[PDB]
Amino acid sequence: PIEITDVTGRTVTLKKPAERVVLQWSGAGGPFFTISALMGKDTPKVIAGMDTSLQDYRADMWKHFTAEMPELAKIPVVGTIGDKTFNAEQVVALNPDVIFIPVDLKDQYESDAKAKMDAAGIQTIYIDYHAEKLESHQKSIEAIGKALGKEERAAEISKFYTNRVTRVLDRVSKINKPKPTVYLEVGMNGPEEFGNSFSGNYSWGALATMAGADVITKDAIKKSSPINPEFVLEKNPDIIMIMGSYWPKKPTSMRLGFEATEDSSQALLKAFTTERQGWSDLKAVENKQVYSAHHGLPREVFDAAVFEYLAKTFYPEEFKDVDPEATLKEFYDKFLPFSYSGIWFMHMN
């Protein structure tokens, strides 16, 4: 009998290691990447239900992963909580043993499905990569590992993560130089339409703040919504970072990930600075302080690389001993059954 403590403090008991997991929010702070990192090639042997998060919102990852692990595409598909695609009876019919639910999804889960999961004898384990707190990441990794009977490997993953995030957070706390001002934008809409920016305590804005930056939008944006173009010209930030990802329906969107090349990513980033009124004259553009990181890297088991990228971008000389791309690659090399490739970070020429 395995006793697991989840990220909220719930004591959850399994009769034996989980081997019929139902996935939610794969590639988005759900357990998928953690499970793959723990199980390696044996990943499909513990999954009873596959969500459609990767297929629908991260298709480049879905193609890459299924190419190397075709059994993933053979696992019965389940809906997503909070969509009208989730069917509790269909899930129960898979005879699963555990479902991992992100805290950001907990309220909806408890309202819509948990009573039905409980009635069927299915265990719930809450995890929370979205908090971006060291203890929450550690406890999440530890809970998923213990559920799977992979406590030792979970310990390696936790230490890998912990080594890197603590180096960043400790060093940042001891830097007393002025904080660089930063404008943050999800580059999903391309140069011609502003994507969402951030407050100082949400998502990319929270991460940038922890990494020692002054988020210029911290007071003007409540959570994540776009800023008025004139705001950026007036603030004239030290640094601009445009987030990239796989957005094939937006051909001018900033492109990063498995379907990305160096030349293309450079041209897409540069277009933001050339197509936007006044950007050519921006301090950030003139001084070549325009960067890009992959939007899908935060709130995940491998997001230590994001902590490193932000801190190294804001404080280059204080972080010469840190290599954020090597950290991501090493996470893949060490733990994941999928080959590393693609482009995940970028500095505009």
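Each residue number is its position in the shown sequence, starting from 1.
Look over 293-301 and 53-61 in the entry and identify the one with the greater average Cα temperature factor.
The stretch with the larger mean CA B-factor is 53-61.
State which stretch shows the higher mean Cα B factor in the entry: 258-266 or 134-142.
Per the deposited B-factors, the answer is 258-266.
Which is it among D118, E192, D170, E185: the one with the largest CA B-factor in the entry?
Spelled out: the listed residue with the top C-alpha B-factor is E192.
Among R153, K106, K223, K159, which carries the highest Cα B-factor?
When the deposited C-alpha B-factors of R153, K106, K223, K159 are compared, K223 is largest.
Considering every modelled residue of the chain and its Cα B-factor in the PDB entry, is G40 in the lowest, middle or highest third?
Middle third of the chain for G40's C-alpha B-factor.
What third of its chain, lowest, middle or highest, does the C-alpha temperature factor of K334 fall into?
According to the entry, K334 has a C-alpha B-factor in the chain's middle third.
What third of the chain does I227 rank in for C-alpha temperature factor, lowest, middle or highest?
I227: CA B-factor falls in the highest third of its chain.
Name the third of the chain's ranked CA B-factors that contains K174, choosing lowest, middle or highest.
For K174, the deposited C-alpha B-factor lands in the middle third.
Taking the C-alpha B-factors as the PDB entry records them, is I99 in the lowest, middle or highest third of its chain?
As the PDB entry reports it, the C-alpha B-factor of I99 lands in the lowest third of its chain.
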